Amino acid sequence: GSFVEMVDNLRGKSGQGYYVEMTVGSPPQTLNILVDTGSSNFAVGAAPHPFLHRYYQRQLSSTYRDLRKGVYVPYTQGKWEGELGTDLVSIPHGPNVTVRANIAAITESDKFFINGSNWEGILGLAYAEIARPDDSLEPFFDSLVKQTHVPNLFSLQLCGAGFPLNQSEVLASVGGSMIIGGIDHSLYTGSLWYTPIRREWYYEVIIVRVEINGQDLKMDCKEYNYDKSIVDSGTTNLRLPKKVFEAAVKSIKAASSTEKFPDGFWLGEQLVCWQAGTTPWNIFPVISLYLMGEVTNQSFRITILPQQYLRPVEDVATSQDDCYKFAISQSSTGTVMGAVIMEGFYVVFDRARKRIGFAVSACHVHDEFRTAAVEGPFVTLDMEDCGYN
Ligand SMILES: NC1=N[C@@H]2CCCC[C@@H]2CS1
């Protein structure tokens with residue numbers, strides 16, 4: 001069951017995001033749009049900006065409808081404001097449909113559009129509960145499903161290159177696949193394992209155990225999900241609650257201790273470099289996250305490698321060295337399984353059956369000695385108790 005129209009429709013990288021081509025308005029205006037499972041607004045640049053090569057021009061669209069309502073969206077870093085409306089929307093390398101969707105026309109922003117990232121808007125794929133200004137603003141995917149025969153499911157294969165890409169190479173390179181309305185079975189190996197969507201707001205899941213090279217981190221499982229755990233393509237890092245983060249870094253440091261790295265490396269700010277080809281992957285441990293399964297008392301685990309959690313970055317001296325930043329960082333808003341984790345796996349957002357599937361990605365970076373894994377089942381008890389209230 002192939003989806004050749006959708007395979008390879010993404011570009012980008014974990015640092016700047018993965019984006020899909022979309023069109024808005026009549027005649028169609030083409031824009032690059034960030035695929036974001038961590039938010040629920042479809043918002044596009046709609047006025048000139050130094051980091052935008054193009055933007056939505058509502059006065060040039062005959063199908064534009066003005067909702068006469070403003071919207072303000074602050075994040076931790078950065079923010080934007082805009083004006084709500086509706087227009088006709090298509091995904092050229094997607095299903096063959098056009099739908100009328102809500103669009104936030106971004107008229108002012110701060111630290112949102114970053115220099116050189118290539119996207120001109122964001123596609124929030126999560127649920128109405130977290131849509132701004134409120135849950136009456138129907139999200140794009142909800143409109144798509146309501147107005148067409150597209151099944152209520154999409155899947156993502158984000159492909160990390162394993163090495164840096166300049167803006168030129170990012171433009172020329174295939175960065176992965178967003179399969180709308182289905183599962184392309186060629187994008188993964190082994191089996192798909194499903195975890196329940198705890199609640200439809202973010203794509204919230206429940207982590208029940210964490211291992212570093214097989215060694216149980218041994219925290220009360222509520223700590224892993226405090227105050228939620230989500231799957232989020234619009235966040236770069238694996239983000240861990242403060243207490244889990246501190247304990248994981250201590251374990252990763254202990255496992256990797258034949259080499260010492262400065263504190264700024266572990267804080268995710270400073271790069272570390274090795275001579276070309278000599279990255280010592282084997283000194284870094286694998287990390288396993290166990291997730292609640294669909295069957296009572298059952299869990300499965302996903303396992304990533306340093307090739308996922310060390311993010312390739314360009315050198316300050318631009319040498320031939322292979323350089324990386326540590327892509328695990330602390331959070332005060334729960335666990336975020338961001339792009340560097342998703343690059344390990346084909347991830348199926350099965351909205352129709354309220355679950356999220358994971359399988360080893362056919363494009364994951366690994367070495368001759370170890371690969372990412374998705375394995376199960378494990379007998380686990382009182383998993384309900386891992387969720388925060
Ligand atoms: N998943 C997230 N989405 C929003 C919008 C896209 C840029 C990054 C922010 C913060 S985290």
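Atom set for the values below is all heavy atoms of this structure, side chains included, hydrogens, waters and symmetry mates excluded. In this chain, numbering begins with 1 at the start of the sequence shown.
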### Query
For the residue pair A372 and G344, what are the closest heavy atoms and their distance?
CB-O, 4.1 Å
#### Entry: Shortest non-hydrogen contact between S117 and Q16, atoms and distance
CA-OE1, 3.5 Å
### Query
Considering all heavy atoms of both residues, which atom of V20 and which atom of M178 are nearest to each other, and what is their separation?
CG1-CE, 3.8 Å
### Task
For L238 and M337, work out which heavy atoms get closest and say how close.
CD1-CA, 4.3 Å
### Query
Would you say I252 and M219 are hydrophobically clustered, going by side-chain heavy atoms of ILVMFWY under 4.5 Å?
yes
### Task
Look at the side chain of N237 and the backbone N and O of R239, then say whether any donor-acceptor pair between them is shorter than 3.5 Å.
no
#### Entry: Side-chain heavy-atom pair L153, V348 within 4.5 angstrom cut-off
yes
### Query
Are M342 and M6 joined in one hydrophobic group, where the rule is that I, L, V, M, F, W and Y side chains link up if heavy atoms are under 4.5 Å apart?
yes
### Query
Got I304 and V286 here, is their nearest side-chain heavy-atom distance under 4.5 Å?
no
### Query
Are side-chain heavy atoms of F140 and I103 found at a separation under 4.5 Å?
no
### Task
Taking the side chain as every heavy atom from C-beta outward, state whether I302 and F345 have any atom pair closer than 4.5 Å.
yes
### Message
Would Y72 and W80 count as a side-chain contact (heavy atoms from CB on, under 4.5 Å) here? Give the steps.
### Response
CA-CA 6 Å; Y72 171 65; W80 60 265; over 6 Å; no
### Query
Do the side chains of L88 and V97 join up, straight or via other hydrophobic residues, at under 4.5 Å, putting them in one cluster?
no
### Query
What residue pairs, at least two apart or across chains, pass salt bridge (charged side-chain N to carboxylate O under 4.0 Å, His left out) with a residue in residues 295-307?
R301-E375
### Task
Given salt bridge (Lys or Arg N to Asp or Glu O under 4.0 Å), test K69 with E83 step by step and report yes or no.
CA-CA 6 Å; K69 194 160 55 158; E83 291 165 13; over 6 Å; no
### Task
Among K13, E343, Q157, find the residue that satisfies the side-chain hydrogen bond (donor to acceptor under 3.5 Å, both in side chains) test when tested with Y18.
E343
### Query
Do NZ/NE/NH1/NH2 and the carboxylate oxygens of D110 and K79 come within less than 4.0 Å?
no
### Query
Going by heavy atoms in the side chains, are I206 and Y224 under 4.5 Å from each other?
no
#### Entry: Aromatic ring pairing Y203/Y127, orientation class (parallel under 30°, perpendicular over 60°, tilted between)
tilted
### Query
Can you check whether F3 reaches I183 side chain to side chain, under 4.5 Å on heavy atoms?
no
### Message
Would you say the rings of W193 and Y290 are close, in the sense that their centroids are separated by under 6.0 Å?
### Response
no
### Task
Look at the aromatic rings of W281 and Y324 and report parallel, tilted or perpendicular, splitting at 30° and 60°.
perpendicular
### Message
Side-chain heavy atoms nearer than 4.5 Å, only ILVMFWY residues, links allowed to pass through others: does that put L158 and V35 together?
### Response
yes
### Task
Please determine if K222 forms a cation-pi arrangement with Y388, meaning its NZ or CZ atom is less than 6.0 Å from the six-membered ring centre and no more than 45° off the ring axis.
no
#### Entry: Centroid-centroid under 6.0 Å between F51 and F113 rings
no
### Query
Is any NZ, NE, NH1 or NH2 atom of the basic residue among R351 and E200 found under 4.0 Å from an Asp or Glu carboxylate oxygen of the other?
no
### Task
Go through the steps for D184 and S186 under the test side-chain hydrogen bond (donor to acceptor under 3.5 Å, both in side chains), then give the verdict.
CA-CA 6 Å; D184 184 318; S186 76; 2.6 Å; yes
#### Entry: Inter- and intrachain pairs under disulfide bond (SG atoms under 2.5 Å apart), touching residues 11-58, at least two apart
none
### Query
Can you tell me if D36 and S233 form a side-chain donor-acceptor pair at under 3.5 Å?
no
### Task
Mind telling me whether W274 and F261 have parallel, tilted or perpendicular rings, with 30° and 60° as the class edges?
perpendicular
### Message
Testing the basics here: between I328 and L240, what is the closest heavy-atom pair and its distance to 0.1 Å?
### Response
CG2-CD1, 3.6 Å
### Message
Against the six-membered ring of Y19, is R11 placed for a cation-pi contact (under 6.0 Å from the centre, within 45° of the normal)?
### Response
no
### Task
Look at the rings of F358 and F300 and say which category their plane angle falls in: under 30° parallel, 30 to 60° tilted, over 60° perpendicular.
tilted
### Summary
Between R58 and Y64, the two heavy atoms sitting closest are CD-CE1, 3.5 Å
### Task
Please assess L217 against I212 for the test side-chain contact (heavy atoms from CB on, under 4.5 Å), listing each intermediate value before the final yes or no.
CA-CA 7 Å; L217 217 63; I212 312 298; 3.7 Å; yes
### Query
So, the side chain of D321 versus the backbone of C273: is there a donor-acceptor pair under 3.5 Å, distance only?
no
#### Entry: ILVMFWY cluster, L144 and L156 together (side-chain gap under 4.5 Å)
yes
